Structure formats: C-alpha cells, structure tokens
Amino acid sequence: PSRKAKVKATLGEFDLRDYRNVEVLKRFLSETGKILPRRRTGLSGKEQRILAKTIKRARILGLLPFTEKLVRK
Amino acid sequence: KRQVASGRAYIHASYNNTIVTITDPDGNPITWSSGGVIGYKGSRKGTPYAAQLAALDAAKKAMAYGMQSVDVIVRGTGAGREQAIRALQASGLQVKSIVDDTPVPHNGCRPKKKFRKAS
Amino acid sequence: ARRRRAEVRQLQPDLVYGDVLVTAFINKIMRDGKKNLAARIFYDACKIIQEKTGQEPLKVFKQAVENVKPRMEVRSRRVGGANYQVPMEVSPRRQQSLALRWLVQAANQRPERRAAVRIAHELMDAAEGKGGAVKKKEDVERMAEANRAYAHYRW
RNA sequence: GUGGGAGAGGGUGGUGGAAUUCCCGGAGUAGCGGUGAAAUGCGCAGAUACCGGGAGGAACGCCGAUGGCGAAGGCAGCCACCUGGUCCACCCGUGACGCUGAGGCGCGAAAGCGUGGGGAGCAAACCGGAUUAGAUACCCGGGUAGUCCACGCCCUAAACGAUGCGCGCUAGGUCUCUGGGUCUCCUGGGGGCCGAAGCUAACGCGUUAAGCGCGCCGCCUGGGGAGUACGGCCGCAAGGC
C-alpha cells in the first residue's frame, strides 16, 4: 500500500537545495542509505529530482550514508 | 579453548551451499562449518537441511570456546538461509540480532553471462 | 478420483467385539470373498492369544496395530530431473490401511503351517515390538529421515 | 531584444562510494566451487567463510518513471570550467530576410583496422570438463584478441515510429513532463493512452495522422539468380558505395 505517511507532510518548509541539513535530508532515506521513491517522499517530479542531487552531495561530504545494513531478517 | 562467550555468526547462503563462520567480538573466526564440513557432497550441500546441520555444527563447536551470545549476519540468498538463522536461535546460543549485509555493487563489474540477461 | 473426495466405506462392527477395526483386519485376511474362513482364522487366533498369553486378545491386537503404524513414509516425486524420495507424514487413515495390511502380510510370511496361528503369533510379536510387521514399519521411517534432506519439497 | 525555465545535449579536468580481482596482516580448518546430476578446477606452499590494510581497472546501485535531452547515432555518481539546442512571458526591434534541398561537407551504435597506453571483471578464438548416437553447441572450469584511453581509420545496422522536412486546416476525453496565468482551471511547448470526422486490404492511424491540402527531396515497379558479376570510386585491411 505504502500509505504510512508522506515524508514531505511529516515535516516543515525546507530548502530542498541545502546539502547540509543532515537533520531533514536524513528523513528521505530508506532504512538504508537509499533515497526513497516519490511514493514515500511525497515530493514531486521536480522537487524529488533536486533532492537526489542534494542527498548525493551530502553523501560525498560524509554527512549522509551511501548504504546501511538491514536489521531483523 | 580461550573462552569468548560474546561474538558474531556469519551466515553465507548461496544456491549451491551454506557456510557458517563464528567469530569473536571483532571478526576473527573461532570455528566454521558448511554443507561439506558435514556429510553432504554435491547438490545436497545446498539444501536447507544442510544449512541447518551446518549452523548447529557451527554453534556446538563454538560452544567449546565458551560462546553463548552471538550477532547473526546474513550474506547472500540461497537454498535455505533462514533454516541456518533458525538452527542458530535454537542451537542454544542466544541470538542477539539478525542482520542482512549481503553485498551489492552500485554497478561495477560486468557479471558472467550466466548472471546477465537483465537491465 | 478427479471430482469428489471419495469418502471412506464405513464397515459394520465385529460380530463378537463389535469393533470395526477388527472387521477391517478380517477383510484383509479374507481372499476370494470367503469371509467365513477369514472370520474364523481371526477368532481361532484370538483364542490362541488367550492361551499362550494371559491377556485379552482384543487389546493385544490393538496394541499390535499401534506399533505397526508408520508415522513417516517416503513418497517419490520428480523434481528437476531425478526422482527424489520426499519424506512426509502419514494420514491417520493410511496408517491403519498399512498397519493391517502389513500384519497380514508378515503373518503369512511366518513358518507355522496353520493360518490361524501365523496371525496369532504375528499379532503378539507385533505387540512386543518384534516381528516382520514392525520391521517394515521401522524400515519405512528409516527410509524417511534418511531422505530428510529433500523434505523441503514438502508436497 | 529583455526577462523567466527545464534537461542522462556535447567537450576538458577533477573527484565519491559500493563491488570484483590481486597483494599484505590477522584469526581459522578441510573443503570450496560448480550442476539436472556431475566432472574439470582451486585448496594442508592452508583455499572457502571472517576482520583489517593496500594496489589497480571498469561501471555508476537507490533516486529512476509509465520520466528527460539530442538531428540521428546516442546520452544517466558528484564537482567545476568551456559549450550546443529548446520552451515560455512581454510584445519591444528588423520587415518576407521564407520552405525544401541533387551533388558537397560534416556527424554517425557494435564489431573491426593502425600506433601507443591500459587491462579489475567479462569474454570470439582457443584449452579442458560434462551431456549426446555424435556435440566441432547449448551447461561447467579456464582463457587470447577485444571490451577501457589517446590519435588516426572504417561507415555499417531490425541506424525502427520499419512512418523524409515545412506550413495550414479538421470533436473531444484522460494521464504525464516543463513555462505563464486572474493557479478547484485556462493557456504554450513536449511525452503517452482512448477516440469524432475521415483514411486503410486489414491490422490499425486519428491535432504527436497513416485525415484534408500545398511545396521540395529521396525511393519502389513480381520471385530466385543477387546486393552477386563486371566497371568505377573509397579503404591499411576487412570491406563499403
């Protein structure tokens, strides 16, 4: 279903261009360093497209992960 | 014969065989088992049952070094990987956590034909 | 049986113990529908279980069936090429059919010249846990649990 | 022209992490691998599984789409520089400056060629294992060219929408990308689906035309012989036209 809550709604007015807001950016990542699909990010084609660059920039700087291990299984 | 107690258990599943390696709090192996270590030689080696036996063998042997608690780490998918993660939980060792850390490239090496036909 | 789930024929209880299970066993002894000779043999036998054994025949019998019922059996199956023998439970229904059949079979495998005796002695041996009947039973379980690797083909 | 905009459009340099291989250290034994089953193969000179360190090459997970860009071929990690195309609003400037385009010139996936470099993984040929009646194959283990870079060459393709370019005209509905607006929808450009009229042999096409028209280019004229022969032109060659 994927009807738990849109990451966008569950949040404030942020600058999608800001690559240092680990606080907010970290919100759009799966239970792994993976970037969530629009289905879950509640962003739009354009917004979501800008996020990616930001989340990637943040990865290089070391603020955001590239990938995390899964717990449970 | 060192007496560890707390450690890690690496479960390496695959469609051909399962091999469990137990280790100390920081990676160095204490003991290891597999589908071959025990009876099974060819196809049989894979099967979940083998995975089970191998898991147990791994724990039992590790019980010697005085193991008790372990963190499980699953790598890969294959003929009964869950059975291994179960035989452990039951083996006697208190399983602290199961974790999938199966490696995946961010697309690097062309895989052999057998694993291509994708994209 | 493509359509229905063929229900089990219900048998009229024994003319002495009023036990259906007995009729069943008697039917497995019978051959060419000579159900009298069949009934006789089982009763003569019950009286042979009374003499040589101070116990009530009926209880020796049921005890026997019990030890001769396999709880796991191997069923063949084609899985990617080879025909792997998959191990699996046995229905309560099938357990009986096999138990009774096996008894009569092993019983007729004994030496004693008298039919009624072979049954008498076979039943007893079965009760004790010995005899050709229980052999097959234990052989079956051994067969399974020895192929308990292909058991992930549950069926 | 001024002002807004989106983009894997192209070129150069840089750079990030994941994974594979190799090497080094540690701990650790007896197998690992692989299949329908196997075997070749690798491993006690210690493999496999596990931890740490290093070197090198190639590709760029998620986002990612039913998406976007380009004339096509084609193009996706991030960063900067250099650079092409394109849409919208205002209607401000020039005032028919337009369309098409034989030949020319240029670009042109892969494989392939020349010189030099590089080479982790993959892998024609090749060397083995198995399967088979045979197996010059499919499956398994290896493996050279090659696949990568530079410079030059080749110029082909199911190079496909199998649909040449421009312009005008002919119901709508629905989803979508990007701009404007009086922003529960209208308006412009693009991508899809369904469908009016109409077209079509049918299938189907249908404001993204295969409809109704005009302009210009290219091309077809039963099948095989044959994209062959010959001749010419191009190419180092293979070969191409």
# chains A, B, ... in the order shown; residues from 1 in each chain; ligands from 1

call {"tool": "select_by_dssp", "arguments": {"residues": "segment 66-96 of chain C", "states": "helix (DSSP H, G or I)", "output": "number ranges by chain"}}
result
C: 66-68, 92-96

call {"tool": "write_last_selection", "arguments": {"atoms": "N, CA, C and O atoms", "output": "mmCIF file, in the first residue's frame"}}
result
data_model
loop_
_atom_site.group_PDB
_atom_site.id
_atom_site.type_symbol
_atom_site.label_atom_id
_atom_site.label_comp_id
_atom_site.auth_asym_id
_atom_site.auth_seq_id
_atom_site.Cartn_x
_atom_site.Cartn_y
_atom_site.Cartn_z
ATOM 1 N N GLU C 66 -0.962 -50.546 16.627
ATOM 2 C CA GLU C 66 -0.254 -49.366 17.088
ATOM 3 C C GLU C 66 1.241 -49.343 16.741
ATOM 4 O O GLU C 66 1.738 -48.377 16.162
ATOM 5 N N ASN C 67 1.966 -50.395 17.096
ATOM 6 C CA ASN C 67 3.397 -50.424 16.817
ATOM 7 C C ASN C 67 3.729 -50.544 15.334
ATOM 8 O O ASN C 67 4.827 -50.188 14.908
ATOM 9 N N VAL C 68 2.775 -51.038 14.552
ATOM 10 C CA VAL C 68 2.967 -51.242 13.121
ATOM 11 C C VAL C 68 2.550 -50.061 12.224
ATOM 12 O O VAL C 68 2.743 -50.092 11.010
ATOM 13 N N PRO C 92 -3.991 -40.426 9.151
ATOM 14 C CA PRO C 92 -4.418 -41.383 10.167
ATOM 15 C C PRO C 92 -5.026 -42.573 9.430
ATOM 16 O O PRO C 92 -4.817 -43.735 9.796
ATOM 17 N N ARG C 93 -5.766 -42.253 8.372
ATOM 18 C CA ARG C 93 -6.435 -43.244 7.543
ATOM 19 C C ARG C 93 -5.446 -44.234 6.933
ATOM 20 O O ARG C 93 -5.584 -45.451 7.092
ATOM 21 N N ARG C 94 -4.439 -43.699 6.248
ATOM 22 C CA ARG C 94 -3.426 -44.518 5.589
ATOM 23 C C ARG C 94 -2.615 -45.357 6.586
ATOM 24 O O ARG C 94 -2.188 -46.471 6.279
ATOM 25 N N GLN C 95 -2.396 -44.817 7.779
ATOM 26 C CA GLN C 95 -1.655 -45.539 8.803
ATOM 27 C C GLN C 95 -2.317 -46.884 9.073
ATOM 28 O O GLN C 95 -1.660 -47.922 9.127
ATOM 29 N N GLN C 96 -3.629 -46.863 9.241
ATOM 30 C CA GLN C 96 -4.340 -48.093 9.501
ATOM 31 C C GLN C 96 -4.191 -49.056 8.331
ATOM 32 O O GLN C 96 -3.673 -50.161 8.490
#

call {"tool": "interface_residues", "arguments": {"of": "chain A", "to": "chain B", "cutoff": "10 Å", "atoms": "only C-alpha atoms", "output": "list in words"}}
result
residues 66, 68, 69, 70, 71, 72 and 73 of chain A

call {"tool": "residues_around", "arguments": {"residues": "residue 83 of chain B", "least_positions_apart": "6", "cutoff": "7 Å", "atoms": "only C-alpha atoms (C1' of nucleotides)", "output": "MDAnalysis selection string"}}
result
chainID B and resid 48 51:52

call {"tool": "residues_around", "arguments": {"residues": "segment 108-118 of chain C", "least_positions_apart": "6", "cutoff": "9 Å", "atoms": "only C-alpha atoms (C1' of nucleotides)", "output": "MDAnalysis selection string"}}
result
chainID C and resid 40:46 48 132

call {"tool": "atom_distance", "arguments": {"atom1": "atom CA of residue 13 of chain B", "atom2": "atom CA of residue 71 of chain B"}}
result
16.2 Å

call {"tool": "interface_residues", "arguments": {"of": "chain C", "to": "chain B", "cutoff": "12 Å", "atoms": "only C-alpha atoms", "output": "number ranges by chain"}}
result
C: 80, 82, 84, 145-153

call {"tool": "closest_atom_pairs", "arguments": {"of": "chain D", "to": "chain B", "cutoff": "9 Å", "atoms": "only C-alpha atoms (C1' of nucleotides)", "output": "CSV"}}
result
residue,atom,partner,partner_atom,distance
D:17,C1',B:106,CA,8.6
D:18,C1',B:105,CA,5.0
D:19,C1',B:105,CA,4.1
D:20,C1',B:109,CA,6.2
D:26,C1',B:28,CA,7.6
D:27,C1',B:28,CA,4.4
D:28,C1',B:29,CA,5.5
D:29,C1',B:32,CA,7.8
D:30,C1',B:37,CA,7.1
D:31,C1',B:36,CA,6.7
D:32,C1',B:36,CA,8.6
D:33,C1',B:16,CA,8.7
D:34,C1',B:16,CA,7.9
D:35,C1',B:43,CA,7.7
D:37,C1',B:43,CA,8.1
D:38,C1',B:42,CA,8.5
D:48,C1',B:19,CA,8.9
D:49,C1',B:21,CA,5.8
D:50,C1',B:29,CA,5.7
D:51,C1',B:27,CA,4.4
D:58,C1',B:109,CA,6.5
D:59,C1',B:108,CA,4.0
D:60,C1',B:107,CA,5.7
D:61,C1',B:106,CA,3.5
D:120,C1',B:109,CA,8.1
D:121,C1',B:109,CA,4.9
D:122,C1',B:110,CA,5.8
D:123,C1',B:112,CA,8.8

call {"tool": "select_by_dssp", "arguments": {"residues": "segment 63-149 of chain C", "states": "strand (DSSP E)", "output": "count of residues only"}}
result
8

call {"tool": "residues_around", "arguments": {"residues": "residue 49 of chain A", "least_positions_apart": "3", "cutoff": "10 Å", "atoms": "only C-alpha atoms (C1' of nucleotides)", "output": "ChimeraX atom specification"}}
result
/A:16,38,43-46,52-54 /D:63-64

call {"tool": "write_last_selection", "arguments": {"atoms": "N, CA and C atoms (P, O5', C5', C4', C3', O3' and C1' of nucleotides)", "output": "PDB file, in the first residue's frame"}}
result
ATOM      1  N   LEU A  16      15.053  22.410  -0.255  1.00  0.00           N
ATOM      2  CA  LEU A  16      15.481  21.205  -0.943  1.00  0.00           C
ATOM      3  C   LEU A  16      16.884  21.291  -1.548  1.00  0.00           C
ATOM      4  N   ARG A  38       9.190   8.638  -4.808  1.00  0.00           N
ATOM      5  CA  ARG A  38       8.224   9.695  -4.563  1.00  0.00           C
ATOM      6  C   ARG A  38       7.013   9.145  -3.820  1.00  0.00           C
ATOM      7  N   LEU A  43       7.229  13.948  -2.506  1.00  0.00           N
ATOM      8  CA  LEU A  43       7.720  15.072  -3.282  1.00  0.00           C
ATOM      9  C   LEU A  43       7.179  14.932  -4.697  1.00  0.00           C
ATOM     10  N   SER A  44       7.467  15.922  -5.532  1.00  0.00           N
ATOM     11  CA  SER A  44       7.014  15.917  -6.911  1.00  0.00           C
ATOM     12  C   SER A  44       8.192  15.591  -7.809  1.00  0.00           C
ATOM     13  N   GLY A  45       7.914  15.355  -9.089  1.00  0.00           N
ATOM     14  CA  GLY A  45       8.967  15.039 -10.031  1.00  0.00           C
ATOM     15  C   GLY A  45      10.105  16.029  -9.926  1.00  0.00           C
ATOM     16  N   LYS A  46       9.777  17.316  -9.949  1.00  0.00           N
ATOM     17  CA  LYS A  46      10.807  18.342  -9.884  1.00  0.00           C
ATOM     18  C   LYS A  46      11.484  18.396  -8.522  1.00  0.00           C
ATOM     19  N   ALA A  52      17.607  14.430  -4.835  1.00  0.00           N
ATOM     20  CA  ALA A  52      18.660  13.497  -5.213  1.00  0.00           C
ATOM     21  C   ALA A  52      20.045  14.128  -5.251  1.00  0.00           C
ATOM     22  N   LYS A  53      20.185  15.238  -5.968  1.00  0.00           N
ATOM     23  CA  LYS A  53      21.476  15.903  -6.062  1.00  0.00           C
ATOM     24  C   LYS A  53      21.962  16.323  -4.697  1.00  0.00           C
ATOM     25  N   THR A  54      21.038  16.826  -3.887  1.00  0.00           N
ATOM     26  CA  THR A  54      21.341  17.267  -2.534  1.00  0.00           C
ATOM     27  C   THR A  54      21.755  16.081  -1.662  1.00  0.00           C
TER      28      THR A  54
ATOM     29  P     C D  63      14.276   3.731  -6.866  1.00  0.00           P
ATOM     30  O5'   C D  63      14.385   5.318  -6.957  1.00  0.00           O
ATOM     31  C5'   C D  63      14.002   6.150  -5.851  1.00  0.00           C
ATOM     32  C4'   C D  63      14.533   7.548  -6.048  1.00  0.00           C
ATOM     33  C3'   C D  63      14.254   8.142  -7.412  1.00  0.00           C
ATOM     34  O3'   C D  63      12.973   8.747  -7.430  1.00  0.00           O
ATOM     35  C1'   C D  63      16.545   8.432  -6.871  1.00  0.00           C
ATOM     36  P     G D  64      12.144   8.823  -8.803  1.00  0.00           P
ATOM     37  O5'   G D  64      12.338   7.405  -9.494  1.00  0.00           O
ATOM     38  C5'   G D  64      11.540   7.046 -10.618  1.00  0.00           C
ATOM     39  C4'   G D  64      12.288   6.096 -11.506  1.00  0.00           C
ATOM     40  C3'   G D  64      12.863   4.864 -10.824  1.00  0.00           C
ATOM     41  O3'   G D  64      12.688   3.741 -11.663  1.00  0.00           O
ATOM     42  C1'   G D  64      14.592   6.068 -11.933  1.00  0.00           C
TER      43        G D  64
END

call {"tool": "residues_around", "arguments": {"residues": "residue 72 of chain C", "least_positions_apart": "5", "cutoff": "7 Å", "atoms": "only C-alpha atoms (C1' of nucleotides)", "output": "count of residues only"}}
result
6
